[PDB]
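Chemist: Would you mind keeping the following structure in view while I ask a few things?
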There are 6 protein chains.
Amino acid sequence: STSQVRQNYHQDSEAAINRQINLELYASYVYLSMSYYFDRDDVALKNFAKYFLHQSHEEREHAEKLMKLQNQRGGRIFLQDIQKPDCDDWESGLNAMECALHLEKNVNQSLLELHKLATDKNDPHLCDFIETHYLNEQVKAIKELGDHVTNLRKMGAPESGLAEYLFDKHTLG
Amino acid sequence: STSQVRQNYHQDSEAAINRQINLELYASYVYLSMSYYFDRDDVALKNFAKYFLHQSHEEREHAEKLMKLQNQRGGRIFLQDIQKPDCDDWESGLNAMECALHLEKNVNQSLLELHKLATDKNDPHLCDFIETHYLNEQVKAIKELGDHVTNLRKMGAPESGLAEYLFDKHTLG
Amino acid sequence: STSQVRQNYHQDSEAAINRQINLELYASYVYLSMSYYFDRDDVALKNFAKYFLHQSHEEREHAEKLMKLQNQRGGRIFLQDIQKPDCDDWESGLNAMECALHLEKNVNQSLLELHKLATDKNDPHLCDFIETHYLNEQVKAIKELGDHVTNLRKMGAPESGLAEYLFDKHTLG
Amino acid sequence: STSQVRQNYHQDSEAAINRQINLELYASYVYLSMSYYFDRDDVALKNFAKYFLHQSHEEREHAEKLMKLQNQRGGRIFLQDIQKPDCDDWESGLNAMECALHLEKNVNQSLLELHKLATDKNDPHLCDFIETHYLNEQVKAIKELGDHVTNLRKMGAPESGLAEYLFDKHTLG
Amino acid sequence: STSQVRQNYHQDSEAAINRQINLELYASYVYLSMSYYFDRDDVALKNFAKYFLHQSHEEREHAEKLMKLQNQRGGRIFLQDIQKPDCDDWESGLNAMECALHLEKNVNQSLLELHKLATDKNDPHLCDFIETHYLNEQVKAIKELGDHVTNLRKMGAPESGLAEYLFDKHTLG
Amino acid sequence: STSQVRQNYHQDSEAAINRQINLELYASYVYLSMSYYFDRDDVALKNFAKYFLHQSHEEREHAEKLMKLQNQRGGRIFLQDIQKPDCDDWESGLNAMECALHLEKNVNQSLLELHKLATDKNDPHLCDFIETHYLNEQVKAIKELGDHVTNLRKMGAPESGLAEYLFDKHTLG
Ligand SMILES: [Mg+2]
Ligand SMILES: [Mg+2]
Ligand SMILES: [Mg+2]
Ligand SMILES: [Mg+2]
Ligand code: NA
Ligand code: NA
Ligand code: NA
Ligand code: NA
Ligand code: NA
Ligand code: NA
């Protein structure tokens, strides 16, 4: 039953990786929803839409990289349903950015817990995988989203549609 | 409530489009599963894996194009859960190709039903959208998968692992 | 006696590094033996020979990088005999690949033990050296060798000399 | 009061980062002093001066990268006075190199203590930041300075002004 | 004790040059603080941050040019502590620009006093050094900062965060 | 048992070739040891280190060429342990060069004995192989090392560390 390649790879780590794969796919789905919310004719923020579509694709890349890891270590991928996002209507550029920030912080928390498990199971390869490919990426993403939220709020989002328009143009464009 | 852009776009068409979006996302997820099945160290058919990963990305593109359509017509996207694929282990290159063929024929059937609904609701834009972007794509995909299955079977798949190896090399490589 | 550069570098780490240097040189010698086994006129698998020669040179590079590390930290290199490989005749492409997989897993195990020692001695530089340059390299190498073994077995190695021939051509060529 | 981006970032880590920022700025100031010591008409070792000026700028870069980290994690930078270097007159190329070696080892020790704190606070992002950008840089710098000191001493520095001249020309030039 | 190169270089001029070196280093430190204030996630004015970082580096260049002068004339550099800036939090783009203007005017005043001393000591080389490299630079810098402050105030800074955003984009970007 | 390619290839020649393979691998190991001796922070002669590393790689090439010969003639390679070098610490550039000269002369002597055996066994192919690829290479290497030793001694090695420094720079650099 044991993969010929498997070495120092705990069942708990394999399961946590599968959970992280699902979470990354969920994040991709959330960002896709946000993108096409901004593509609506009654919202019409093209650069918001583009930004979130980019994020969706990036999240899919993260999921695929975790799947690759899983196979590299000799674990077995078990996929689960990708839950629909919490909202169909994201209300505003500012609200979408805040929800994105919350999502990214949740993903970061799950990654940190994964790192903690890896450390406890003395899996330095897994630890450094997480460190190299995920943790700094998350920190950067959270910082960027926080900057976006800060700017939007100072500009007067979400009540200032001019604010969101100009943010779309000058920051995201 | 009615979108300022909406014209000649029936609620039934909007709902059917949302269903097709979900089906395309499901197909993408299935192909992703198949790809990483072939990336396993105990399967190790790199070109099968690449082929199905390409298919996964193509299906994602199809879903995104349907979402774009939905917004173009003034319908509203409602996402649902993306169900996990029917299998974690796809058993063989031949079996994966046969399951892909079945999936593609199911997608084609749903597209045909969508076209029929569009026709009944006198939505020529929707009809020609389906015709231009989806129906021929499906016909080609089904023909290609059928060719693959035919070749594999004649080569001796799935019992001939040499067969699958050489197919991976010479057709998919 | 203490090197002017030495800082936070435990004697146990220095000794373990010297052992790892020897192990890498041993692995380079094993791969050299395998290469020239496949260069024999009665074996004549040129791409197997090339693959293992490449592996031999890579292992030499790994040893030299460990020696460089040793000097960087202010430890002192102590070389030992490089033991001859376990076999003169590696019997088959499949058997050589399986022995290579076993060797790589042994090297990986020694690296993991080195990492564990580094961690206990609170040597984060050494830990990250191992993580960056060795652990992922090992994981990749083990995965690749496992893929090779899987393919060969499915093709019918080692009884199918046609199998090994075609593997030599299409995978390693 | 808590930054919207802050996650898994302990107050003790924030304070230690601020201390490291100050230490890096101090090191920059020390190297600047050494550079312009060698620019004196009664010392006149242009390549020593250039080497230390380069080191000063590198140390400034290190400080700025720590400040960037601080903001990325949602900590707050608190600057302190940059103390003047211990010497105005560094006496010789050899003495300056030895003082530089001592400084680099002190910076390395502070970084190691920072890593230890990060580890205890389960901050893998901070740990890997330190590992990636600082620890190996320090090891290299210490090794290089040790090489310089060794060469100078063997050449006959600091009593052999010919020694220092030729070192300036052939190593640092 | 007297440098072989020293000619027509008064002790008072040497001391004043050392004071100016310290002041330039202080200005560099102030601008660095301002830059990283604007890099905060709760401020997030990237082009303000870039502008002040540029100013910091320019001030360092000015200090280094004064040190070079000091050695050229045969004076001896004596470094002092670089005091921390007056603020950790610069409150706003407008407030930072006003503080920068005040700092630049203080630096200009010190340069003018240096020129006056040089003139009194009949040091035409020192006078023309100051004139060529510093005084016009200061005049330009003060004019630019005044323009920035004027624009920000007219736009509605610091109460209009939209004002500061658009200034960051269109003037500093 | 006899190789299909074997012709005019005596068992004594095959055994002598295996011995020469081992000797070349030993020489490679010796040069590697010397290289990393010179890479030590307390020796720090980078160009000595580079020179001996080059020699190590050249010796490995010589061994591989002998292994290729062995297979070409239909002999069978039998590897033995590679003994550790006689020293961990080579004391000086001059001493290392003298030991290298001694090693090269020993290798040359073994090659000459191999040639003598080949001649007695009327193996003109083997004779001309040795002549073409090895004997002149050895003569050149011995001459070069003798030149190095001569220069170092005249410069004042090993007591003149300035001597070794300048040799490292001007001859080996
Ligand atoms: Mg049509
Ligand atoms: Mg074929
Ligand atoms: Mg790490
Ligand atoms: Mg001849
Ligand atoms: Na992610
Ligand atoms: Na499709
Ligand atoms: Na290795
Ligand atoms: Na530093
Ligand atoms: Na200035
Ligand atoms: Na040789």
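We label chains A, B, ... in the order they appear in the structure tokens, count residues from 1 in each chain, and number ligands from 1 in the order shown.
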Please extract the residues at most 12 Å from ligand 4, counting only C-alpha atoms and all ligand atoms, and provide them as number ranges by chain, using the chain letters and residue numbers of this document.
Modeler: F: 115, 119, 123-136
Chemist: Write the residues of the preceding selection, restricted to N, CA, C and O atoms, as a compact mmCIF listing (two decimals), in the first residue's frame.
Modeler:
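Ended up saving to selection.txt:
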```txt
# COMPACT_ATOMS: atom_id res chain seq x y z
N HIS F 115 52.14 0.49 -20.17
CA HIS F 115 52.65 0.47 -21.54
C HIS F 115 53.58 -0.72 -21.74
O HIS F 115 53.53 -1.39 -22.78
N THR F 119 53.03 -3.65 -24.44
CA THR F 119 54.06 -4.01 -25.41
C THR F 119 54.37 -5.50 -25.35
O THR F 119 54.42 -6.18 -26.39
N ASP F 123 49.87 -5.67 -27.70
CA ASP F 123 48.60 -4.97 -27.76
C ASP F 123 48.82 -3.55 -28.29
O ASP F 123 48.81 -2.59 -27.50
N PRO F 124 49.05 -3.39 -29.59
CA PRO F 124 49.37 -2.05 -30.10
C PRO F 124 48.26 -1.04 -29.90
O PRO F 124 48.54 0.15 -29.72
N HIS F 125 46.99 -1.47 -29.94
CA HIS F 125 45.90 -0.54 -29.66
C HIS F 125 46.04 0.04 -28.26
O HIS F 125 45.94 1.25 -28.07
N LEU F 126 46.23 -0.83 -27.26
CA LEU F 126 46.41 -0.36 -25.89
C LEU F 126 47.62 0.56 -25.77
O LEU F 126 47.55 1.62 -25.14
N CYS F 127 48.75 0.14 -26.35
CA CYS F 127 49.94 0.99 -26.34
C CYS F 127 49.64 2.38 -26.88
O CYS F 127 49.98 3.39 -26.24
N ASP F 128 49.03 2.47 -28.06
CA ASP F 128 48.79 3.78 -28.65
C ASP F 128 47.72 4.57 -27.89
O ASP F 128 47.78 5.79 -27.86
N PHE F 129 46.75 3.89 -27.28
CA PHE F 129 45.81 4.55 -26.38
C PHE F 129 46.56 5.27 -25.27
O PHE F 129 46.36 6.47 -25.02
N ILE F 130 47.44 4.54 -24.58
CA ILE F 130 48.24 5.10 -23.50
C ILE F 130 49.08 6.27 -24.00
O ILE F 130 49.13 7.34 -23.39
N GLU F 131 49.80 6.05 -25.11
CA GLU F 131 50.65 7.09 -25.69
C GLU F 131 49.85 8.36 -26.00
O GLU F 131 50.27 9.47 -25.65
N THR F 132 48.71 8.20 -26.66
CA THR F 132 47.95 9.34 -27.16
C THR F 132 47.32 10.13 -26.03
O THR F 132 47.43 11.36 -25.98
N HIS F 133 46.64 9.45 -25.11
CA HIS F 133 45.81 10.13 -24.13
C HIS F 133 46.49 10.41 -22.80
O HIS F 133 46.08 11.34 -22.10
N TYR F 134 47.49 9.62 -22.40
CA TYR F 134 48.04 9.67 -21.05
C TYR F 134 49.49 10.14 -20.98
O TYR F 134 49.78 11.03 -20.18
N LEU F 135 50.42 9.53 -21.71
CA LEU F 135 51.84 9.77 -21.44
C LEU F 135 52.22 11.24 -21.63
O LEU F 135 52.89 11.83 -20.78
N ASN F 136 51.84 11.84 -22.76
CA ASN F 136 52.17 13.25 -22.97
C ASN F 136 51.46 14.14 -21.96
O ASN F 136 52.03 15.14 -21.50
```
Chemist: Show me, as a list in words, the residues that have an atom within 10 Å of residue 110 of chain B when counting only C-alpha atoms, minus same-chain residues fewer than 6 positions from it.
Modeler: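 Using only C-alpha atoms, the neighbours found are residues 16, 19, 20, 23, 104 and 116 of chain B.
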Chemist: Just the selected residues (C-alpha atoms), exported as a CSV table (one decimal), in the first residue's frame, please.
Modeler:
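The file below, result_30.csv, is the result:
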```csv
chain,number,residue,atom,x,y,z
B,16,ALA,CA,-29.8,27.0,-17.9
B,19,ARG,CA,-26.3,25.2,-14.8
B,20,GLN,CA,-24.0,25.0,-17.8
B,23,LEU,CA,-21.2,21.7,-15.4
B,104,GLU,CA,-17.7,15.3,-23.0
B,116,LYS,CA,-33.1,23.7,-27.8
```
Chemist: Could you report the residues within 12 Å of ligand 10, using only C-alpha atoms and all ligand atoms, as a PyMOL selection string?
Modeler: chain F and resi 20-31+54-66+100-101+103-111+130+133-142
Chemist: For those residues, write C-alpha atoms to a file as a compact mmCIF listing (two decimals), in the first residue's frame.
Modeler:
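Below is the file out_7.txt, written as the result:
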```txt
# COMPACT_ATOMS: atom_id res chain seq x y z
CA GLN F 20 44.97 2.36 -13.31
CA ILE F 21 41.29 3.31 -13.05
CA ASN F 22 41.57 3.08 -9.27
CA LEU F 23 44.79 5.11 -9.28
CA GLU F 24 43.21 7.88 -11.37
CA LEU F 25 40.21 8.00 -9.03
CA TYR F 26 42.62 8.20 -6.09
CA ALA F 27 44.46 11.09 -7.74
CA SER F 28 41.13 12.85 -8.28
CA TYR F 29 40.35 12.43 -4.58
CA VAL F 30 43.78 13.76 -3.56
CA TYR F 31 43.37 16.88 -5.71
CA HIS F 54 40.46 21.53 -12.01
CA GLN F 55 43.09 18.82 -11.55
CA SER F 56 40.59 16.69 -9.62
CA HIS F 57 38.05 16.93 -12.43
CA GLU F 58 40.73 16.17 -15.03
CA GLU F 59 41.75 13.04 -13.11
CA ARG F 60 38.12 11.93 -12.98
CA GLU F 61 37.97 12.37 -16.76
CA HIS F 62 41.10 10.21 -17.09
CA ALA F 63 39.50 7.48 -14.99
CA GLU F 64 36.30 7.59 -17.04
CA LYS F 65 38.32 7.37 -20.26
CA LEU F 66 40.04 4.25 -18.94
CA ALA F 100 51.04 16.89 -6.58
CA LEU F 101 54.32 16.50 -8.47
CA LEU F 103 51.52 11.99 -7.29
CA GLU F 104 51.81 12.82 -11.00
CA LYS F 105 55.17 11.05 -11.22
CA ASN F 106 53.66 7.99 -9.53
CA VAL F 107 50.75 8.01 -12.00
CA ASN F 108 53.25 8.37 -14.85
CA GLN F 109 55.25 5.40 -13.52
CA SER F 110 52.12 3.26 -13.38
CA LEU F 111 51.24 4.30 -16.95
CA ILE F 130 48.24 5.10 -23.50
CA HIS F 133 45.81 10.13 -24.13
CA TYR F 134 48.04 9.67 -21.05
CA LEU F 135 51.84 9.77 -21.44
CA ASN F 136 52.17 13.25 -22.97
CA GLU F 137 49.48 14.57 -20.61
CA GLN F 138 51.58 13.28 -17.71
CA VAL F 139 54.82 14.75 -19.06
CA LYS F 140 53.13 18.15 -19.44
CA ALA F 141 51.57 17.95 -15.97
CA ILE F 142 54.90 17.04 -14.36
```
Chemist: What are the closest atom pairs, with distances in Å to one decimal, for each residue of chain B lying within 9 Å of chain A, using only C-alpha atoms, rows by chain and rising residue number, as JSON lines?
Modeler:
```
{"residue": "B:3", "atom": "CA", "partner": "A:42", "partner_atom": "CA", "distance": 7.4}
{"residue": "B:4", "atom": "CA", "partner": "A:41", "partner_atom": "CA", "distance": 7.9}
{"residue": "B:5", "atom": "CA", "partner": "A:41", "partner_atom": "CA", "distance": 7.4}
{"residue": "B:32", "atom": "CA", "partner": "A:64", "partner_atom": "CA", "distance": 8.5}
{"residue": "B:33", "atom": "CA", "partner": "A:79", "partner_atom": "CA", "distance": 7.6}
{"residue": "B:36", "atom": "CA", "partner": "A:67", "partner_atom": "CA", "distance": 7.0}
{"residue": "B:37", "atom": "CA", "partner": "A:77", "partner_atom": "CA", "distance": 8.0}
{"residue": "B:39", "atom": "CA", "partner": "A:71", "partner_atom": "CA", "distance": 6.8}
{"residue": "B:40", "atom": "CA", "partner": "A:71", "partner_atom": "CA", "distance": 5.3}
{"residue": "B:41", "atom": "CA", "partner": "A:71", "partner_atom": "CA", "distance": 6.8}
{"residue": "B:42", "atom": "CA", "partner": "A:3", "partner_atom": "CA", "distance": 7.4}
{"residue": "B:64", "atom": "CA", "partner": "A:32", "partner_atom": "CA", "distance": 8.5}
{"residue": "B:67", "atom": "CA", "partner": "A:36", "partner_atom": "CA", "distance": 7.0}
{"residue": "B:68", "atom": "CA", "partner": "A:36", "partner_atom": "CA", "distance": 7.3}
{"residue": "B:70", "atom": "CA", "partner": "A:40", "partner_atom": "CA", "distance": 8.9}
{"residue": "B:71", "atom": "CA", "partner": "A:40", "partner_atom": "CA", "distance": 5.3}
{"residue": "B:72", "atom": "CA", "partner": "A:41", "partner_atom": "CA", "distance": 7.5}
{"residue": "B:74", "atom": "CA", "partner": "A:41", "partner_atom": "CA", "distance": 7.0}
{"residue": "B:75", "atom": "CA", "partner": "A:40", "partner_atom": "CA", "distance": 8.8}
{"residue": "B:76", "atom": "CA", "partner": "A:40", "partner_atom": "CA", "distance": 7.9}
{"residue": "B:77", "atom": "CA", "partner": "A:88", "partner_atom": "CA", "distance": 7.4}
{"residue": "B:78", "atom": "CA", "partner": "A:88", "partner_atom": "CA", "distance": 6.2}
{"residue": "B:79", "atom": "CA", "partner": "A:84", "partner_atom": "CA", "distance": 6.1}
{"residue": "B:80", "atom": "CA", "partner": "A:84", "partner_atom": "CA", "distance": 5.1}
{"residue": "B:81", "atom": "CA", "partner": "A:83", "partner_atom": "CA", "distance": 4.6}
{"residue": "B:82", "atom": "CA", "partner": "A:82", "partner_atom": "CA", "distance": 4.9}
{"residue": "B:83", "atom": "CA", "partner": "A:81", "partner_atom": "CA", "distance": 4.6}
{"residue": "B:84", "atom": "CA", "partner": "A:81", "partner_atom": "CA", "distance": 4.6}
{"residue": "B:85", "atom": "CA", "partner": "A:79", "partner_atom": "CA", "distance": 7.6}
{"residue": "B:88", "atom": "CA", "partner": "A:78", "partner_atom": "CA", "distance": 6.2}
```
Chemist: Please produce an output containing C-alpha atoms for each residue in the selection, written as a short mmCIF file (atom, residue, chain, number, x, y, z; two decimals), in the first residue's frame.
Modeler:
```
data_model
loop_
_atom_site.label_atom_id
_atom_site.label_comp_id
_atom_site.auth_asym_id
_atom_site.auth_seq_id
_atom_site.Cartn_x
_atom_site.Cartn_y
_atom_site.Cartn_z
CA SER B 3 -30.78 44.89 -15.96
CA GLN B 4 -30.53 47.93 -18.22
CA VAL B 5 -28.89 45.73 -20.89
CA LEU B 32 -7.72 18.09 -12.91
CA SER B 33 -8.28 14.91 -10.89
CA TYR B 36 -2.86 14.39 -11.07
CA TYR B 37 -3.84 10.72 -11.08
CA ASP B 39 1.16 12.36 -12.09
CA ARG B 40 1.27 9.68 -9.35
CA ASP B 41 4.58 7.85 -8.97
CA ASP B 42 2.79 4.50 -9.44
CA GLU B 64 -15.57 31.76 -17.75
CA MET B 67 -20.10 33.69 -17.13
CA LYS B 68 -19.09 36.50 -19.48
CA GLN B 70 -24.36 35.77 -18.59
CA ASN B 71 -23.17 39.27 -17.70
CA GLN B 72 -23.33 40.42 -21.34
CA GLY B 74 -27.82 41.07 -18.19
CA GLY B 75 -28.42 37.79 -16.42
CA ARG B 76 -26.98 37.19 -12.97
CA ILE B 77 -24.44 34.49 -12.18
CA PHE B 78 -25.39 32.18 -9.33
CA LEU B 79 -22.62 29.73 -8.48
CA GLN B 80 -23.19 26.35 -6.86
CA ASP B 81 -20.91 23.79 -5.26
CA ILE B 82 -18.53 22.05 -7.65
CA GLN B 83 -19.03 18.37 -6.90
CA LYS B 84 -15.99 16.17 -6.50
CA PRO B 85 -15.29 13.77 -9.39
CA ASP B 88 -10.04 9.39 -7.07
#
```
Chemist: So that I can check the secondary structure, give me every residue of segment 69-161 of chain C assigned helix (DSSP H, G or I) by backbone DSSP, as an NGL selection string.
Modeler: :C and (69-73 or 93-120 or 124-155 or 161)
Chemist: Restrict the selected residues to C-alpha atoms and save them as a PDB file, in the first residue's frame.
Modeler:
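Below is the file result20.pdb, written as the result:
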```pdb
ATOM      1  CA  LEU C  69      29.732  24.554   3.547  1.00  0.00           C
ATOM      2  CA  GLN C  70      32.191  22.910   5.939  1.00  0.00           C
ATOM      3  CA  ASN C  71      34.842  25.510   5.150  1.00  0.00           C
ATOM      4  CA  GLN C  72      32.300  28.362   5.236  1.00  0.00           C
ATOM      5  CA  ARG C  73      31.299  27.498   8.800  1.00  0.00           C
ATOM      6  CA  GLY C  93      17.957  -1.191 -16.322  1.00  0.00           C
ATOM      7  CA  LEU C  94      15.118  -1.889 -13.897  1.00  0.00           C
ATOM      8  CA  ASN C  95      17.410  -3.314 -11.224  1.00  0.00           C
ATOM      9  CA  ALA C  96      19.780  -0.364 -11.570  1.00  0.00           C
ATOM     10  CA  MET C  97      16.875   2.072 -11.239  1.00  0.00           C
ATOM     11  CA  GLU C  98      15.603   0.261  -8.129  1.00  0.00           C
ATOM     12  CA  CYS C  99      19.080   0.300  -6.572  1.00  0.00           C
ATOM     13  CA  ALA C 100      19.353   3.997  -7.422  1.00  0.00           C
ATOM     14  CA  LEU C 101      15.995   4.604  -5.735  1.00  0.00           C
ATOM     15  CA  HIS C 102      17.201   2.754  -2.638  1.00  0.00           C
ATOM     16  CA  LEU C 103      20.441   4.760  -2.627  1.00  0.00           C
ATOM     17  CA  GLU C 104      18.586   8.060  -2.994  1.00  0.00           C
ATOM     18  CA  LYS C 105      16.239   7.165  -0.142  1.00  0.00           C
ATOM     19  CA  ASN C 106      19.245   6.307   2.041  1.00  0.00           C
ATOM     20  CA  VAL C 107      20.872   9.647   1.193  1.00  0.00           C
ATOM     21  CA  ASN C 108      17.580  11.387   1.970  1.00  0.00           C
ATOM     22  CA  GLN C 109      17.384   9.597   5.334  1.00  0.00           C
ATOM     23  CA  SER C 110      20.910  10.715   6.207  1.00  0.00           C
ATOM     24  CA  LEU C 111      20.027  14.290   5.217  1.00  0.00           C
ATOM     25  CA  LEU C 112      16.912  14.168   7.402  1.00  0.00           C
ATOM     26  CA  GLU C 113      19.006  12.964  10.346  1.00  0.00           C
ATOM     27  CA  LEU C 114      21.456  15.801   9.650  1.00  0.00           C
ATOM     28  CA  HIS C 115      18.558  18.275   9.660  1.00  0.00           C
ATOM     29  CA  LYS C 116      17.319  16.825  12.958  1.00  0.00           C
ATOM     30  CA  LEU C 117      20.768  17.263  14.505  1.00  0.00           C
ATOM     31  CA  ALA C 118      21.009  20.824  13.168  1.00  0.00           C
ATOM     32  CA  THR C 119      17.586  21.614  14.656  1.00  0.00           C
ATOM     33  CA  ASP C 120      18.594  20.222  18.055  1.00  0.00           C
ATOM     34  CA  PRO C 124      19.253  27.574  11.523  1.00  0.00           C
ATOM     35  CA  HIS C 125      21.861  28.321   8.856  1.00  0.00           C
ATOM     36  CA  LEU C 126      22.702  24.613   8.564  1.00  0.00           C
ATOM     37  CA  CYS C 127      19.001  23.695   8.598  1.00  0.00           C
ATOM     38  CA  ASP C 128      18.182  26.096   5.769  1.00  0.00           C
ATOM     39  CA  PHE C 129      21.276  25.008   3.816  1.00  0.00           C
ATOM     40  CA  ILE C 130      20.001  21.422   3.931  1.00  0.00           C
ATOM     41  CA  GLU C 131      16.434  22.486   3.108  1.00  0.00           C
ATOM     42  CA  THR C 132      17.428  24.700   0.176  1.00  0.00           C
ATOM     43  CA  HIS C 133      20.073  22.606  -1.565  1.00  0.00           C
ATOM     44  CA  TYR C 134      19.396  18.959  -0.592  1.00  0.00           C
ATOM     45  CA  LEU C 135      15.946  17.948   0.692  1.00  0.00           C
ATOM     46  CA  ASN C 136      13.862  19.056  -2.301  1.00  0.00           C
ATOM     47  CA  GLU C 137      16.547  17.763  -4.676  1.00  0.00           C
ATOM     48  CA  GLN C 138      16.233  14.372  -2.973  1.00  0.00           C
ATOM     49  CA  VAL C 139      12.425  14.382  -3.078  1.00  0.00           C
ATOM     50  CA  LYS C 140      12.527  15.151  -6.810  1.00  0.00           C
ATOM     51  CA  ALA C 141      15.181  12.494  -7.460  1.00  0.00           C
ATOM     52  CA  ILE C 142      13.213   9.845  -5.561  1.00  0.00           C
ATOM     53  CA  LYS C 143      10.017  10.763  -7.411  1.00  0.00           C
ATOM     54  CA  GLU C 144      11.785  10.565 -10.785  1.00  0.00           C
ATOM     55  CA  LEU C 145      13.376   7.200 -10.010  1.00  0.00           C
ATOM     56  CA  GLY C 146      10.040   5.864  -8.799  1.00  0.00           C
ATOM     57  CA  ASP C 147       8.446   6.991 -12.066  1.00  0.00           C
ATOM     58  CA  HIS C 148      11.212   5.223 -14.009  1.00  0.00           C
ATOM     59  CA  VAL C 149      10.793   1.998 -12.028  1.00  0.00           C
ATOM     60  CA  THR C 150       7.009   2.151 -12.467  1.00  0.00           C
ATOM     61  CA  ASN C 151       7.271   2.633 -16.236  1.00  0.00           C
ATOM     62  CA  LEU C 152       9.892  -0.105 -16.677  1.00  0.00           C
ATOM     63  CA  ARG C 153       7.831  -2.596 -14.658  1.00  0.00           C
ATOM     64  CA  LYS C 154       4.659  -1.814 -16.607  1.00  0.00           C
ATOM     65  CA  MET C 155       6.569  -2.097 -19.897  1.00  0.00           C
ATOM     66  CA  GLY C 161      14.642  -6.329 -23.347  1.00  0.00           C
TER      67      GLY C 161
END
```
Chemist: To one decimal place in Å, what is the distance between atom CA of residue 46 of chain B and atom CA of residue 51 of chain C?
Modeler: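 Atom-to-atom, atom CA of residue 46 of chain B and atom CA of residue 51 of chain C are spaced 18.5 Å apart.
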Chemist: Mind listing the residues within 12 Å of ligand 2, only C-alpha atoms and all ligand atoms counted, as a list in words?
Modeler: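 If we count only C-alpha atoms and all ligand atoms, the neighbours of ligand 2 turn out to be residues 155, 162, 163, 164, 165, 166, 167, 168, 169, 170 and 171 of chain B; 155, 162, 163, 164, 165, 166, 167, 168, 169, 170 and 171 of chain C.
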Chemist: Can you tell me how far atom CA of residue 34 of chain B sits from atom CA of residue 49 of chain B, in Å to one decimal?
Modeler: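 These atoms are spaced 7.1 Å apart.
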Chemist: Just give me the gap between atom CA of residue 91 of chain E and atom 1 (Na, counted along the ligand's line) of ligand 9 in Å, one decimal is fine.
Modeler: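 One can read the atom CA of residue 91 of chain E to atom 1 (Na, counted along the ligand's line) of ligand 9 distance as 23.2 Å.
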